[PDB]
Amino acid sequence: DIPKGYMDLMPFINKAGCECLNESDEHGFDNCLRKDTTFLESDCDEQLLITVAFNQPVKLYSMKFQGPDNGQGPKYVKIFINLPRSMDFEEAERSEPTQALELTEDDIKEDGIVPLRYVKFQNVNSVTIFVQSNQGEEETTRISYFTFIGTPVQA
Amino acid sequence: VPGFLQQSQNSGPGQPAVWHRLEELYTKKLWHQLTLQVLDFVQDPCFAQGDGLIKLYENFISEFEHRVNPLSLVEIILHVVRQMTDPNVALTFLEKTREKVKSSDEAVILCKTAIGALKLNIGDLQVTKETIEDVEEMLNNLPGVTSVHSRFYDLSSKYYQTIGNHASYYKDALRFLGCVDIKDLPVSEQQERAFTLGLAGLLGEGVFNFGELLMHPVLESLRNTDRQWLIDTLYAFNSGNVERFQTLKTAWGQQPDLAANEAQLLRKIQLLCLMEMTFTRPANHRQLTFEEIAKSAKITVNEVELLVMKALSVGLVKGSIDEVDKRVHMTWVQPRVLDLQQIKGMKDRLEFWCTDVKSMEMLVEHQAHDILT
Amino acid sequence: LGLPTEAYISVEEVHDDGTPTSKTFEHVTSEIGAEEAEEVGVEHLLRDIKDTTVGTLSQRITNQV
Amino acid sequence: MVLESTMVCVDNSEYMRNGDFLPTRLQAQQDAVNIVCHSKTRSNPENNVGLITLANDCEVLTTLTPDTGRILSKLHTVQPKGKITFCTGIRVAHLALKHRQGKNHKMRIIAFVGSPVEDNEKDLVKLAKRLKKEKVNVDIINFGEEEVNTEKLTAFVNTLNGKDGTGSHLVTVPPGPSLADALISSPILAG
């Protein structure tokens, strides 16, 4: 897939910065990271907060934020960038995101690629996703596959 | 050690519970809860005449702790010393305790002020004043303790059986009343404290207007029931009114400390009356004739010169006297408490001032609009 | 209008002569001043239609306003 | 074996002014933090350790540092002359962990309570819910006062360990032989 001139940003992801809050121990953060049927599930409630850092600064164009069809796919996502400190759910709800995202149903499918405002993502070091709600309004949310499409800034 | 407690578990009000608690606290080597319990025990309504065994017990506690804060220990020591009632052995006991606890805490300060308080009764000056000086000179970097400053109050206020401690005493007693933020004192004790505060303020040479005395809760809150004459006196004094008949009424209302100084009081109130004049005319007519002072202060026109003389000398006011036309120019810098209606009036004056400034800023801007650009 | 910076210093007094305890930061007069080789940078970043250190009549009346 | 940043929470309240342990309850918690920090550092050489007091305010004397000697030195000269304030202490420790260097470190704090926590159960449970929300493995150890593992602490852990949560093991210390082996048998095996 992916638009011409871009690449999957998987090899540029630094595992030292990755950190997901409210995840069930049985459903690890790597499940959403990996392109398998394995999924990441929130453990406390629907809200989730996943921070991913990169080895080198990168520029994002589109995200593949997809989950299952049972309605537990995300629906409202606040994206913050270059966070100098770990993110708190209270502030994340309060804070103004770099980009707000109302994930329609079609995004959650396997062919769902969500374009991002490339203007605001030109010096991304670490990207934090605050999943505020899910489609089915369940007590928890599942993410089948999450990744980023973009290009390195060639540091 | 617990054997002494067991054999002495009697001889105490409600002895079984409290003494068994002491047993279990000692046998468990619990210290801070034990310190609090023994503090409450010596604070019970009783005489606690078992002075020897309790000093032995606190000896064991203080020897085994070697870390318990000296505050609780020295409070216990103060209570036991007040119990035993003998000067020289108490002095030696306080020296031993202060040698025992030499932490930078407010322990040596507490022992020193206890020494001074006990030594006020004998040798008022030659040992106590220098203890006060030492206490105040190395009393630093502990403002929030608020207990050691209370004891410094005890030292300085009980030092008031002198002449100089009539304005200094008032200042330090006020510093106490500020220091002990919560009242938590018996109504009779606070009544006596407000009584002596009023007496100090009236007789203080350096105290002239000094509000916040009437606004102090400790005084107004509990002097309105009895001895209201002192409250009326304070009202008249800070209101400037001579109030001749009522001021005399209180002059023989409390014959001691007021008959022997009535003249001074008159002097003071006369000066205060002058303040009222310079406070009742808001600079519209700053020139006041000697007739106004003579009638208001109920004095002959020959003494108004001396009255204004004294007022200027003491620093209250900074006017001048035109004797030829019998007037006094007034530019005085002694303010006062402001009587919320008076605060509203002053706010209205400020409203007038600010509206003038705004109107004329608008005028200047409109006129100079060509060049402001 | 006039609030570039405000400086406070903690003091050791309860609240006043006869009041409970507190901390009560005290205001201190604050100025803005630069040494040489730093005034030059400020001047260079400035030099818009602003400045004109010589105070002509129009700027003086503006100052009065 | 596991990357982790631990904010140990030492106690210097006036209720630490106890002789439940032979020299001093404070000294017992002192070598307790010493041995626990040694175990955590030697278990994983890149782990982080920091120090938080809880007397009348929550000083942050030592933050997340792989070094142990400096935290040990800061642990000395502690002067237990205060009163505990648990909720603010855990709040400060949690946000300190939020400021951790490496984001792969599993969040965990070590809290040494030796005084009855004066609080309300509602704030305890809401704080436990918040801490579980951030995936933090708080570890609470009761010392000193006899009301060991109060209902407050029990509810706090259980809500935080909701259905096999982080492992906020509510270990109990005897009022007497609070020896180091009794302080390491349960936690090193499982917090």
# chains A, B, ... in the order shown; residues from 1 in each chain; ligands from 1
call {"tool": "residues_around", "arguments": {"residues": "residue C:58", "least_positions_apart": "2", "cutoff": "9 Å", "atoms": "only C-alpha atoms", "output": "list in words"}}
result
residues 368, 371, 372 and 373 of chain B; 55, 56, 60, 61, 62 and 63 of chain C
call {"tool": "residues_around", "arguments": {"residues": "residue B:198", "least_positions_apart": "6", "cutoff": "9 Å", "atoms": "only C-alpha atoms", "output": "list in words"}}
result
residues 170, 213, 219, 230, 231, 233 and 234 of chain B
call {"tool": "write_last_selection", "arguments": {"atoms": "N, CA, C and O atoms", "output": "PDB file, in the first residue's frame"}}
result
ATOM      1  N   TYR B 170       3.349  46.279  75.770  1.00  0.00           N
ATOM      2  CA  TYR B 170       2.211  46.224  74.865  1.00  0.00           C
ATOM      3  C   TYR B 170       2.616  45.635  73.523  1.00  0.00           C
ATOM      4  O   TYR B 170       1.912  44.785  72.964  1.00  0.00           O
ATOM      5  N   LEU B 213      -5.747  47.051  67.846  1.00  0.00           N
ATOM      6  CA  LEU B 213      -6.006  46.668  69.224  1.00  0.00           C
ATOM      7  C   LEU B 213      -7.498  46.485  69.450  1.00  0.00           C
ATOM      8  O   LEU B 213      -7.931  45.481  70.021  1.00  0.00           O
ATOM      9  N   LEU B 219      -9.765  41.009  72.194  1.00  0.00           N
ATOM     10  CA  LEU B 219     -10.265  42.078  73.048  1.00  0.00           C
ATOM     11  C   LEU B 219     -11.753  42.323  72.824  1.00  0.00           C
ATOM     12  O   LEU B 219     -12.564  42.165  73.742  1.00  0.00           O
ATOM     13  N   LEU B 230     -13.618  49.843  79.796  1.00  0.00           N
ATOM     14  CA  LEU B 230     -12.349  49.860  79.078  1.00  0.00           C
ATOM     15  C   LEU B 230     -12.571  49.873  77.572  1.00  0.00           C
ATOM     16  O   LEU B 230     -11.838  50.541  76.834  1.00  0.00           O
ATOM     17  N   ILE B 231     -13.576  49.139  77.095  1.00  0.00           N
ATOM     18  CA  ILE B 231     -13.896  49.161  75.672  1.00  0.00           C
ATOM     19  C   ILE B 231     -14.341  50.552  75.249  1.00  0.00           C
ATOM     20  O   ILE B 231     -13.930  51.061  74.199  1.00  0.00           O
ATOM     21  N   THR B 233     -13.516  53.303  76.681  1.00  0.00           N
ATOM     22  CA  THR B 233     -12.311  54.120  76.727  1.00  0.00           C
ATOM     23  C   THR B 233     -11.504  53.976  75.448  1.00  0.00           C
ATOM     24  O   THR B 233     -11.049  54.968  74.871  1.00  0.00           O
ATOM     25  N   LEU B 234     -11.307  52.739  74.998  1.00  0.00           N
ATOM     26  CA  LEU B 234     -10.563  52.522  73.766  1.00  0.00           C
ATOM     27  C   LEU B 234     -11.280  53.158  72.586  1.00  0.00           C
ATOM     28  O   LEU B 234     -10.645  53.753  71.705  1.00  0.00           O
TER      29      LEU B 234
END
call {"tool": "interface_residues", "arguments": {"of": "chain D", "to": "chain B", "cutoff": "6 Å", "atoms": "only C-alpha atoms", "output": "list in words"}}
result
residues 17, 18, 19 and 20 of chain D
call {"tool": "interface_residues", "arguments": {"of": "chain B", "to": "chain C", "cutoff": "10 Å", "atoms": "only C-alpha atoms", "output": "PyMOL selection string"}}
result
chain B and resi 140-146+171-182+212-213+216+360-365+368-373
call {"tool": "atom_distance", "arguments": {"atom1": "atom CA of residue D:190", "atom2": "atom CA of residue D:4"}}
result
14.5 Å
call {"tool": "decode", "arguments": {"residues": "stretch 51-87 of chain A", "atoms": "N, CA and C atoms", "output": "short mmCIF file (atom, residue, chain, number, x, y, z; two decimals), in the first residue's frame"}}
result
data_model
loop_
_atom_site.label_atom_id
_atom_site.label_comp_id
_atom_site.auth_asym_id
_atom_site.auth_seq_id
_atom_site.Cartn_x
_atom_site.Cartn_y
_atom_site.Cartn_z
N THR A 51 2.30 6.48 23.58
CA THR A 51 3.37 7.37 23.15
C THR A 51 4.44 6.57 22.43
N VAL A 52 4.80 7.00 21.23
CA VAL A 52 5.80 6.33 20.41
C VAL A 52 6.88 7.32 20.05
N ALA A 53 8.13 6.97 20.33
CA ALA A 53 9.27 7.81 20.00
C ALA A 53 10.08 7.18 18.88
N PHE A 54 10.87 8.01 18.20
CA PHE A 54 11.65 7.58 17.05
C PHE A 54 13.12 7.84 17.28
N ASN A 55 13.96 7.04 16.62
CA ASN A 55 15.41 7.23 16.73
C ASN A 55 15.82 8.60 16.21
N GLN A 56 15.25 9.01 15.09
CA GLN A 56 15.56 10.29 14.47
C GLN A 56 14.26 11.03 14.19
N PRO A 57 14.30 12.36 14.13
CA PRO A 57 13.08 13.11 13.82
C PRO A 57 12.51 12.67 12.49
N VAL A 58 11.18 12.60 12.43
CA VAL A 58 10.48 12.09 11.26
C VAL A 58 9.28 12.98 10.98
N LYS A 59 8.79 12.92 9.75
CA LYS A 59 7.64 13.70 9.31
C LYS A 59 6.53 12.73 8.94
N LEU A 60 5.36 12.91 9.54
CA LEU A 60 4.23 12.02 9.35
C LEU A 60 3.28 12.57 8.29
N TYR A 61 2.66 11.68 7.54
CA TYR A 61 1.63 12.02 6.57
C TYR A 61 0.30 11.36 6.88
N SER A 62 0.30 10.06 7.14
CA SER A 62 -0.94 9.35 7.39
C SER A 62 -0.69 8.26 8.42
N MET A 63 -1.74 7.93 9.16
CA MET A 63 -1.70 6.90 10.19
C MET A 63 -2.68 5.79 9.83
N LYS A 64 -2.35 4.58 10.24
CA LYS A 64 -3.22 3.42 10.06
C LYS A 64 -3.67 2.98 11.45
N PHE A 65 -4.74 3.61 11.94
CA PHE A 65 -5.25 3.38 13.29
C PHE A 65 -6.52 2.55 13.15
N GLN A 66 -6.38 1.23 13.22
CA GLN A 66 -7.47 0.32 12.92
C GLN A 66 -7.62 -0.71 14.02
N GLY A 67 -8.87 -1.10 14.25
CA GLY A 67 -9.19 -2.10 15.24
C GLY A 67 -10.21 -3.10 14.71
N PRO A 68 -10.91 -3.76 15.62
CA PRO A 68 -11.90 -4.76 15.21
C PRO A 68 -13.21 -4.11 14.79
N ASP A 69 -14.13 -4.96 14.33
CA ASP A 69 -15.42 -4.52 13.83
C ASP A 69 -16.51 -4.55 14.90
N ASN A 70 -16.19 -4.96 16.12
CA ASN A 70 -17.18 -5.06 17.19
C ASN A 70 -17.52 -3.72 17.82
N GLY A 71 -17.10 -2.61 17.21
CA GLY A 71 -17.37 -1.30 17.74
C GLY A 71 -16.35 -0.78 18.72
N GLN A 72 -15.38 -1.60 19.12
CA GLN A 72 -14.37 -1.18 20.08
C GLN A 72 -13.18 -0.51 19.40
N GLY A 73 -13.25 -0.26 18.10
CA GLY A 73 -12.27 0.55 17.44
C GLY A 73 -12.37 1.99 17.90
N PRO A 74 -11.27 2.73 17.83
CA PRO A 74 -11.28 4.12 18.31
C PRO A 74 -12.16 5.01 17.45
N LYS A 75 -12.66 6.08 18.07
CA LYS A 75 -13.48 7.05 17.35
C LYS A 75 -12.99 8.48 17.50
N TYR A 76 -12.42 8.84 18.64
CA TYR A 76 -11.92 10.19 18.87
C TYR A 76 -10.49 10.10 19.37
N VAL A 77 -9.57 10.69 18.61
CA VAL A 77 -8.14 10.58 18.89
C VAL A 77 -7.54 11.98 18.91
N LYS A 78 -6.83 12.29 19.98
CA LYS A 78 -6.08 13.53 20.07
C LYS A 78 -4.60 13.21 19.90
N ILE A 79 -3.95 13.84 18.94
CA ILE A 79 -2.55 13.58 18.63
C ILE A 79 -1.74 14.77 19.09
N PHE A 80 -0.75 14.50 19.94
CA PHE A 80 0.22 15.47 20.41
C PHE A 80 1.60 15.05 19.93
N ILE A 81 2.52 16.00 19.84
CA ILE A 81 3.84 15.72 19.31
C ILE A 81 4.92 16.32 20.20
N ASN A 82 6.11 15.73 20.12
CA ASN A 82 7.31 16.25 20.77
C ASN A 82 7.07 16.54 22.24
N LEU A 83 6.37 15.64 22.91
CA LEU A 83 6.07 15.82 24.32
C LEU A 83 7.34 15.65 25.15
N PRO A 84 7.74 16.65 25.94
CA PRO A 84 8.96 16.51 26.73
C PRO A 84 8.79 15.63 27.96
N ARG A 85 7.55 15.28 28.31
CA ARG A 85 7.26 14.58 29.55
C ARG A 85 6.07 13.66 29.30
N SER A 86 6.02 12.56 30.05
CA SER A 86 4.93 11.61 29.90
C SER A 86 3.59 12.31 30.10
N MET A 87 2.57 11.81 29.40
CA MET A 87 1.30 12.50 29.28
C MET A 87 0.31 11.94 30.30
#
